[PDB]
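Structure record follows, encoded as C-alpha cells.
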Amino acid sequence: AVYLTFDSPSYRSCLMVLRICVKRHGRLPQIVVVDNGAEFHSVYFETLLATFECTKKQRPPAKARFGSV
DNA sequence: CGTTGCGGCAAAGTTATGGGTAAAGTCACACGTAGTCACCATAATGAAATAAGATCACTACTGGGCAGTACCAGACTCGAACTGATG
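Okay, here's the thing in C-alpha cells:
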C-alpha cells in the first residue's frame, strides 16, 4: 500500500495505508515492523493492531537495517 | 683410476614488512545546519452535579388541668345582757 499526504507523520497516515491494504488486497500483515515513531507509540495504532491481531515489531532507535528491505 | 650422480655448506637470490623522505595528488574556502510536528500521561481548574440534608405544610392521635363549686364543722371575737362589790 502506498499513500501520499502533505502532512507530517500522524495516525491518519496509518489509517490510510492500512485501509488501502485492506481494500484492494484483502487483509493485512501478521508481523508489522514499524520504527520507533510517534505514530506507532500512539494508542490508536496499537489498539488497531490488537483488534486485527497483528504482531507489532519495533526496530531499535537509529537502526535502519531492521526495515532495510 | 677416471667418470657420474648425489648430497652437505654457505654465500646469493627472491619476497616480505615496517621505517624515512620528497612530491604528486586532494579537497574546502567559497553565508549558512539545526529545525519541526507527533505523541500520550499528569496536574488543575472550573463547571455539573450530587445525595443527602433541612425546612414547610398538613393530618391524625392522645395526655390531661383550670376556673369554679360545695360542705362540715372548729375556733376566735364580740353585741347584748346578767349580776356582784362598792364609795
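Quick note on numbering: PDB author numbering labels position 36 of the first sequence as 589, and the sequence is numbered without any gaps.
Cβ coordinates follow ideal geometry from the N, Cα and C atoms, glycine included.
Cβ-Cβ separation, residue j to residue i (assumed contact under 8 Å), whole Å
| i | j | result |
| --- | --- | --- |
| residue 581 | residue 575 | 6 Å |
Closest residue to residue i among the options (Cα-Cα distance)
| i | options | result |
| --- | --- | --- |
| residue 606 | 617, 619 and 585 | 585 |
| residue 610 | 558, 556, 593 and 560 | 593 |
| residue 598 | 571, 560 and 556 | 571 |
Sequence-distant residues of its chain with Cβ nearer than 8 Å to residue i (five each side left out)
| i | result |
| --- | --- |
| residue 590 | 562 |
| residue 595 | 564 |
Residue i - containing alpha helix (DSSP H), residue span
| i | result |
| --- | --- |
| residue 608 | No alpha helix (DSSP H) holds residue 608; the beta strand (DSSP E) holding it covers 608-610. |
| residue 596 | 596-605 |
| residue 570 | 565-573 |
Neighbourhood of residue i by C-beta, 6 Å cutoff - its chain only, sequence neighbours within 5 removed
| i | result |
| --- | --- |
| residue 573 | 554 |
| residue 619 | 612 |
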